[PDB]
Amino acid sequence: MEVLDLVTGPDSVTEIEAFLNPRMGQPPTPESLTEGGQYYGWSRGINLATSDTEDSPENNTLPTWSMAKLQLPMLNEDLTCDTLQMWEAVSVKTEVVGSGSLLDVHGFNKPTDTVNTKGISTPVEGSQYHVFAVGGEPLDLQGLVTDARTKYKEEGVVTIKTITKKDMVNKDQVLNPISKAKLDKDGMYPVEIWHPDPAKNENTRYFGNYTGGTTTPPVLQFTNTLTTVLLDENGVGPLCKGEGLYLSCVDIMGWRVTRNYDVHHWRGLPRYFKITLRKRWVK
């Protein structure tokens, strides 16, 4: 694809917006606040391996990637034309919303005074993971796991075995180029398995950060004044193949810890995207 001039004229630039809700483990339904809906925005209680050779995490304890495909206005009446137009993502304003809610320390989490069961309800703390991507095709994924012996469910999550039709190999604990996928479904690809593939993603920009630990304070900034530029070193943004725009993210804030067996629940927050796009002549 040869990238030519910017298209000018009426409606040559557009802005589109979307929010992607977190996918921490509990699905959006049931909505009932007694039947499981109370866990929406969180994982269910993390379940642990029972031995070095018996690690079977439940699907609803595994945070997964959020994604959305946005369909842009059709540009080309005839794809056989020598010169065509594509939507180009120029920039994005993105924000993780709701960090203020972590200031709720009046609930029933493990308390800070364990002698008297007093103090405050311990706020969300621990490992944090924030990634977002904007591209003109699905985010390319590279698999890499802690333990190739982990017995992921065969139904309900897309894992390395889903792709290869074979059990994971020891190479999957490092970089195994066979273990690749595309982020083509929301709430299905676990973030402890699937990472942005630096060997592909030519038509996507992604930005990630990880902070580990168990009691690490969560940190977040938010403003409506920060623009993320999506143009590459040549001044070209992601080009939307068949007018499809792909948004991908995960925003883990840490865990809350309950008063029962120190059970941990992952917490995630929703992410806003406002993408500025322009029409680009291509051949």
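Each residue number is its position in the shown sequence, starting from 1.
Coordinates for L79 are absent from at least a third of the other compared entries of this protein that model residues on both sides of it. Stretches compared: 142-150, 71-79. Higher mean C-alpha B-factor in the entry: 71-79. Look at the C-alpha B-factors of 87-95 and of 163-171. On average they run higher in 163-171. Of the candidates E125, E137, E155, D104, the deposited coordinates give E155 the top C-alpha B factor. Within the selection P238, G41, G235, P218, the deposited Cα B-factor values reach their highest point at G235. Per the deposited record, the Cα B-factor of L226 falls in the highest third when ranked against the other modelled residues of its chain. Among all modelled residues in its chain, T53 ranks in the highest third by Cα B-factor. Split the chain's modelled residues into thirds by C-alpha temperature factor. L20 is in the middle one.
Sorting the modelled residues of the chain by their CA temperature factor places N209 in the middle third. Sort the modelled residues of the chain by CA B factor and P111 lands in the middle third.
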